[PDB]
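[1] no letters, just coordinates:
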Ligand code: BCL
Ligand code: BCL
Ligand code: BCL
Ligand code: BCL
Ligand code: BCL
Ligand code: BCL
Ligand code: BCL
Ligand code: BCL
Ligand code: BCL
Ligand code: HEM
Ligand SMILES: [Fe+3]
């Protein structure tokens, strides 16, 4: 098969974690929600 | 066949992700949409 | 044959993508269309 | 024979592309044609 | 025989192209012909 | 023979071209002939 | 023989050409002859 | 023998040429002879 | 077994020591206790 | 045996000596005790 | 035995010498005793 | 405003974490390949 | 300010023991600069030599600024940090940069 | 390559055909969502003017 | 090269013919779309004047 | 070199003749378009004066 | 080394004797010319005074 | 199938598939370190895990732990910043001189700098011991000693020669760059320093040589070639092939020389020179051209 | 400036240059 | 299928010159080999030669014109002579006087052609010798940095003055001026990454050279043979680096490490240089807004005064 299961899981997990952290930090820094003072 | 399936898939995925990130950055940096506190 | 199909496909795709990106950026930076403010 | 068809094609194509790019840049940067807001 | 036809053709073509480009550049920079700019 | 025909031809051609270009550049830069404005 | 004809010819020709160029440039730059304006 | 004729000839000729050029340049820069427009 | 006793002991001891040092330093830095002048 | 006796002795001695040095230096520098010229 | 006598001798002597040097240096640097004009 | 800007976030802290993780992963896999079993000359015979 | 002192300007400040033939820009101080460079005394010095992030200037204006700054260095003997902090040149924190502004206006 | 059609037998494999079908359906759904998003954004704030 | 035409047999393979045909249709669709886009952009704001 | 003419047999191969014809046709079309573009540009605004 | 004198045989080859003679003659001529030039320049302008 | 070191699996020399355990056990040979020769015995002549611990390994580890503790204490306490990119660990003021007082600020900078020096020297000596146990040369110690001498020039020799001891660098992330910038602009045109230029040349040459060697070795790893293809390739381009043993010698020499010239220029700029633009005022006054020009072309 | 201490430190730096020179000399002396 | 004798001893164009190899002697004693050997010339390299020397001739003739054609002053001021680009006015125009930036444009064009033809030469000879083409892509990664410096950065800024002036002293001035213009590159994150990769490259080169030279008594420098089966020298090197820092590699991974260090250096430098002017006009202000700038209220400034 073209791709193996481990590669797909690794890429998906890394992308999800990176995007989640980036989005939380961008939203916190934007100062448009009144979150954490 | 001239090209393998893996090469096509990898190139397409990388190009799509990079283009999406670049377009989001360019659109949101212009400040012409009033998104997330102007 | 002088040239293989693969090399021609690769060169054409790269040239087209580079030209598209260059022309879009030149037009946007010219500031003569009222696009994205 | 003196030269292969491959080499002639490659050199001709590259020379044409380079000359087209250079001539376009020189003509448009001269500011003598009023193209994209003068 | 001292030289091959390939070497002569390559050297002549390169010399002609370089000389033409240099002459065009010098004539454009001199600004003595009223061409491509006031 | 100490030298071959190829080397002599190459050296003579290079020397002639270099001298001609240098002489034209010096004459143009001197500004004593009214050539090219 | 300590030296070949080829080496002697090469050294003499290079030295003569360099000396002629240097002398012409010095004479032209000194501005003591009224040559080339 | 300690040295070959070729090395002696080369060293002597180079030393003579450099000394002659240096002395001529120093005398020209000294401005003490009224030579070549003072 | 996936992990040895020695590796677990080493990791746990290092983590505990580093955490104790960090917590003491942070509490001293905060200046909220009136401790050690 | 998970660990050797000499390794345990050496590690314990190093940790104790380092801790004693650090604590004496911190207490001396804090200047909260009036020891060795305040 | 876990440790040899001569190894213990070397370690103890070196540690004692280092500690003595450190204590004299620190006491001198403190400048609290009027020793060597201090 | 106790927080950095988004551009600071990306340009500084994405490359730094990427470099750290990449270095650790590359070192781990290099060590794995190095310590594997493959052809070698016998040290007893080899001098 | 009174911190600099209370020194005044007199004949010897500019003449230095010569009746005439004064030499501003002597050859010994024109070491690294072009031999025909002079101070740009036709500008407004509160903002005359600003280049940082302007985006309407380029390396030529920076070169002119550097010529002026090295002249200011040579006229004293304290180096480029005498009036500046090298981490951020636009900063006004060393207190000899306002003195330099007053000196430039005087010149 | 039993499941591959006759036309695409020299190009595709029995395993790659299924993954290609998955990718094609994913791109179709993505295009539908992109068109809907673009229409909504145009209704919200035009960008050409 | 059984499916390849007689004229172009020395230059093409059987599997390369299909990929070439796909590229040709892609280029033709792109050219039509680009012509339309240029016409609308000219109707919106000329860049030569 | 069955299809190559008699004059150019020592210089050309059967596969290369077809690519040469394609290149020549492309060059002739490009030359025609370039001539047209130059004529329109001159009609718009002369560059020699 | 037939032409090389008896004293100079351990140092010189038969071929280097002639080149050495040429070099010696050239050096003698150069020294004579240098003496003449120095006398002429001194008669023109003394450089010690 | 026989697994190759590169990673190939080539079906079937005197080679054989040997686990790393046999090699690791064979080459131990304890009892040949530098401390054993001096004292007749090494107090720590064993391995803890994969590391070998010797007499100087203990000194290095003590220095490392103490230096890290002091660094964290100056930056978490006494500054109250809580982040590492805004810490600013300063030496004592220039007015204080060459003396150290625990009461005055800047004492923990002294402690950290001394601990770091001890750790660096201990690491160098440990490398010497490990090299001596394996019957190898002493090349890596020479390179690392060049680096350590570069450290000692910046933190010991220059402050002592200038005599005020405030002339050493703060140990702060993003903050030693402030010191570099201010020192470089104090002696304006630090580009015009000759040894700085030589060091930059050597650094760039080192990077280029590393890239060339990596490319050349990687271009022949997994191919059926005769081992002389690389030599023909390197003679056809640039007309010279250094060989197998010359490239590593050149790499080591260039790497050491760059740091040596850099520490030379920093020390010379500290004390014997004040301005690097005035250093070149001797050039145009030499009596071969001081009288040949007019106007702007004079001098 | 105390010129004795500065010259001493300069001598230490030039000493630090020495090991690479010794390595070069060793490589030249061997491989005849 | 490749005959090395043919690839090294052909005649004419598509062949080699300097066919009778030379010998230097001292390079054989110090470096282990001293054959000058023949050099290939194959129409990728004649173009490079001609274009590079055309550019050099233009620059040297402009140097001569700038000093009034005085050879003595030419030797006097050689190292502080330059051919600068056009001034900031008339940003990207080519209708410029020859002494006001006309020669710079022509020389730069010929230099671009020369470097591209050199890359083609490298690629073709790598293909013709049977080895891989890694060197071509490394050179591509350095040409990326070069083209950002000379072509792509002056474009998108609107002037030719954002490029170096073709001189020994002009590159240093360009570096200083670009640093002063856009704040401080000490606070440019991509400058930091490039410095990290550069210093790592130097460190790795020194380590590898010392390691191989130390174990050269067992023929550890024959990389091609060690990749087939390890020998005593490679085993000793692995054991040394395992006992020093706890992990090591083999004689194949270190080359990948070095290649990627150099490539990352070039790429990060190019990206940082491009990003410097177009998006962040001031790097210190950005660093202050990003909380990566240390507070500095009460300096001790006596260090920095004479
Ligand atoms: C600026 C005005 C609007 C806006 C306008 C638009 C518009 C208009 C569109 C989007 C689109 C998208 N927007 Mg937006 N968007 C806004 C604000 C946001 C915000 C935010 C926090 O504010 C977020 C998080 C998003 C997020 C997104 C994404 C959901 C989506 C693009 C996905 C993508 O990368 O496809 C590209 C991704 C890929 C090519 C990779 C796919 C990979 C798959 C998913 C997994 C494969 C795993 C497998 C193992 C891989 C195998 C190969 C490997 C090489 C081994 N938008 C604002 C408010 N947005 C687009 C959309 O709807 O797309 C459907 C779109 O057209
Ligand atoms: C506050 C409003 C903000 C915003 C804030 C956020 C934040 C904050 C986040 C998103 C996330 C996302 N946003 Mg939103 N978002 C906005 C506007 C948009 C817009 C838009 C056009 O306006 C779009 C299209 C999106 C789109 C998206 C998606 C790409 C994504 C959620 C789906 C997903 O991938 O789930 C797939 C996700 C998962 C499957 C996660 C599953 C995790 C499991 C359950 C474990 C959780 C952790 C837990 C502690 C584990 C404990 C046990 C141990 C494992 C043993 N956002 C606005 C501007 N959005 C989230 C995301 O995933 O980003 C990458 C996210 O973090
Ligand atoms: C506007 C008037 C300007 C000017 C602007 C330009 C510009 C701009 C260009 C030229 C070009 C040229 N100019 Mg003009 N030129 C001027 C004045 C002159 C004068 C003169 C007064 O003496 C002369 C002698 C020339 C001479 C020339 C030729 C060298 C050349 C056009 C013919 C040619 O080579 O066709 C041979 C050309 C071809 C065979 C090309 C064919 C290309 C095919 C059609 C594909 C094109 C690309 C396209 C995107 C492909 C799409 C599909 C994908 C492949 C899938 N110009 C004035 C100053 N000129 C053009 C050129 O080619 O320069 C190198 C060019 O770019
Ligand atoms: C405008 C008046 C200017 C001036 C402007 C120029 C310019 C501009 C040029 C010359 C050139 C030349 N000039 Mg004039 N020249 C001036 C005054 C002079 C004086 C003088 C003493 O006054 C002299 C002696 C010369 C002499 C010369 C010759 C050296 C040369 C023309 C002959 C030649 O080499 O043809 C040999 C040339 C050829 C055989 C060219 C053949 C090209 C083929 C046909 C292809 C053309 C391109 C085409 C698009 C290709 C299409 C197909 C694709 C390839 C697929 N000039 C004045 C100052 N001169 C030209 C030159 O250097 O040419 C090398 C040149 O470019
Ligand atoms: C300043 C006042 C005058 C002026 C005064 C003069 C005078 C006076 C003379 C010239 C001469 C020449 N001038 Mg002028 N000239 C002026 C302005 C110009 C302008 C211009 C743009 O304005 C141009 C283009 C020229 C051009 C020229 C040339 C036609 C010619 C020098 C040729 C040369 O290089 O020989 C040197 C060339 C070579 C050594 C190379 C020859 C190569 C051959 C032809 C081709 C084959 C090469 C072969 C294959 C190589 C084989 C070996 C390889 C290694 C493989 N002039 C002005 C108007 N000019 C000279 C002349 O008449 O020459 C006949 C001359 O004496
Ligand atoms: C105008 C008066 C100037 C001056 C201007 C010059 C210039 C200008 C030159 C000399 C040269 C020389 N000068 Mg004078 N010189 C002056 C004062 C002096 C004084 C003095 C004490 O005052 C002295 C001792 C000299 C001495 C000398 C000699 C070293 C030399 C001439 C002899 C020679 O080498 O012949 C041997 C020379 C040859 C054998 C030349 C043979 C050349 C062949 C025939 C080729 C000629 C070119 C031809 C175009 C080739 C065509 C075909 C192609 C090859 C295909 N000069 C004053 C200040 N002098 C010339 C020289 O060569 O210096 C190195 C020189 O160029
Ligand atoms: C004008 C008065 C100046 C001065 C100007 C010069 C200049 C100018 C020069 C000397 C040189 C010399 N000077 Mg005086 N000199 C002065 C005062 C002194 C005083 C003094 C105490 O006052 C002393 C001791 C000297 C001493 C000397 C000698 C070191 C030397 C001449 C001897 C020599 O080497 O001949 C041996 C010389 C030769 C063998 C040269 C032979 C060259 C051959 C003949 C070729 C000549 C060129 C010819 C064209 C070649 C043609 C053929 C082609 C090659 C095929 N000078 C004053 C201050 N002096 C000359 C010298 O050679 O310096 C190194 C020199 O150039
Ligand atoms: C003063 C009140 C401060 C504070 C100050 C501290 C300090 C200071 C420390 C802790 C530590 C801890 N804190 Mg508290 N802490 C506070 C508020 C909290 C809150 C909260 C939500 O409010 C929580 C959840 C915690 C939770 C915790 C735990 C994680 C931990 C203690 C248990 C543990 O792990 O033991 C596990 C540890 C052990 C089992 C160690 C056993 C060691 C043995 C007994 C040997 C000791 C050394 C020995 C004498 C040396 C000589 C040996 C020779 C052989 C003679 N703290 C407030 C803000 N906290 C301590 C800690 O250990 O953190 C890691 C610590 O140092
Ligand atoms: C002045 C009051 C200071 C302070 C000053 C110090 C100092 C100073 C030290 C300690 C040390 C310690 N402090 Mg207290 N300490 C304070 C407040 C506290 C508080 C608190 C809640 O307030 C706590 C919990 C502690 C707790 C502790 C322990 C971790 C430790 C003492 C027990 C120990 O290790 O026994 C186990 C100890 C041993 C088994 C040591 C045995 C040593 C043998 C006998 C050799 C002795 C040396 C002798 C010269 C050897 C000669 C050999 C020749 C061959 C003859 N301190 C205040 C702020 N504390 C000491 C320590 O050990 O730190 C690491 C230490 O040095
Ligand atoms: C030392 C060579 C030196 C440098 C370098 C330098 C730089 C510099 C810059 C980049 C600016 C302008 C930056 C901005 O955006 O404002 C600038 C401006 C001033 N400087 Fe300066 N400077 C150097 C040297 C010196 C010295 C020794 C002094 C004090 C005599 C000095 C002073 C000033 C002043 C005043 C200005 C303001 C210029 C203006 O506002 O027009 N500089 N310097
Ligand atoms: Fe290697």
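    Good, I have the coordinates. Residues are numbered from 1 along each chain as shown, chains lettered A, B, ... in the order given. Ligands and ions are numbered 1, 2, ... in the order given.
[2] contacting residues for the closest residue to residue T:290 other than its chain neighbours?
    In this structure, residue T:290 finds its nearest non-sequential neighbour in residue L:8, 2.9 Å apart by Cβ to Cβ, 6 or more residues apart in numbering or on different chains. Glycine gets a C-beta too; all of them are placed from N, C-alpha and C. Contact analysis of residue L:8 by Cβ atoms under 8 Å, 6 or more residues apart in numbering or on different chains lists T:286, T:289-292.
[3] so residue L:8 belongs to a helix, correct?
    Yes: the assignment for residue L:8 by DSSP: H, G, I helix; E, B strand; the rest coil puts it in a helix.
[4] ok, it to residue Q:9 distance?
    Here the criterion is Cβ to Cβ, to the nearest Å. By it, residue L:8 lies 86 Å from residue Q:9.
[5] buried subset of the contacts of residue L:8, written for PyMOL?
    The buried subset of the contacts of residue L:8, as determined by 16 or more other Cβ atoms under 10 Å in any protein chain shown, is captured in PyMOL by this line:
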select buried, chain T and resi 286+290+291+292
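[6] now flag whichever of the contacts of residue L:8 is closest to ligand 5.
    Nearest to ligand 5 among the contacts of residue L:8 is residue T:286, at 51.0 Å by Cβ to the nearest ligand atom.
[7] doesn't residue T:185 make contact with the closest one?
    No: contact criterion Cβ atoms under 8 Å: residue T:286 and residue T:185 do not qualify, at 11.7 Å.
[8] and the gap between the residue nearest to residue T:290 and chain Q?
    73 Å (Cβ to the nearest Cβ, to the nearest Å).
[9] quick check: residues of chain M near chain R?
    M:27-28, M:31-32, M:34-36, M:70, M:73, M:77, M:79-81, M:84-87 (Cβ under 8 Å from any Cβ of the partner chain).
[10] and these, which of them are in helices?
    Secondary structure defined by DSSP state H assigns M:70, M:73 of these to helices.
[11] drop anything exposed from the residues of chain M next to chain R.
    Buried, going by 16+ other Cβ under 10 Å: M:31-32, M:70, M:73, M:79-81, M:84-87, out of the residues of chain M next to chain R.
[12] could you redo those residues as TSV and give each row distance to residue C:28?
    Below are these laid out as TSV (distance: Cβ to Cβ, whole Å):
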residue	distance to residue C:28
M:31	48
M:32	43
M:70	41
M:73	44
M:79	45
M:80	40
M:81	43
M:84	38
M:85	38
M:86	37
M:87	35
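[13] what is the neighbour count of residue 24?
    The chain I'm using is chain A. 11 (other Cβ atoms under 10 Å in any protein chain shown).
[14] can you look at chain R instead?
    Neighbourhood size, residue R:24 [other Cβ under 10 Å]: 17.
[15] so it, which of the three states?
    Put simply, residue R:24 is helix when judged by three-state DSSP.
[16] these two touch, right, residue T:289 and residue L:3?
    No: judged on Cβ under 8 Å, residue T:289 makes no contact with residue L:3 at a distance of 10.3 Å.
[17] quick one: the helix or strand where residue N:43 lies near ligand 2?
    Using DSSP states H and E, residue N:43 maps to helix N:14-44. No: applying Cβ under 6 Å from any ligand atom, one finds helix N:14-44 separated from ligand 2 by no less than 7.2 Å.
[18] show me what that helix is packed up against.
    helix B:5-29 (3 or more Cβ pairs under 8 Å, 6 or more residues apart in numbering or on different chains; DSSP states H and E).
[19] is the helix it packs on anywhere near chain O?
    No: Helix B:5-29 lies apart from chain O when judged by Cβ under 8 Å from any Cβ; the minimum separation is 10.8 Å.
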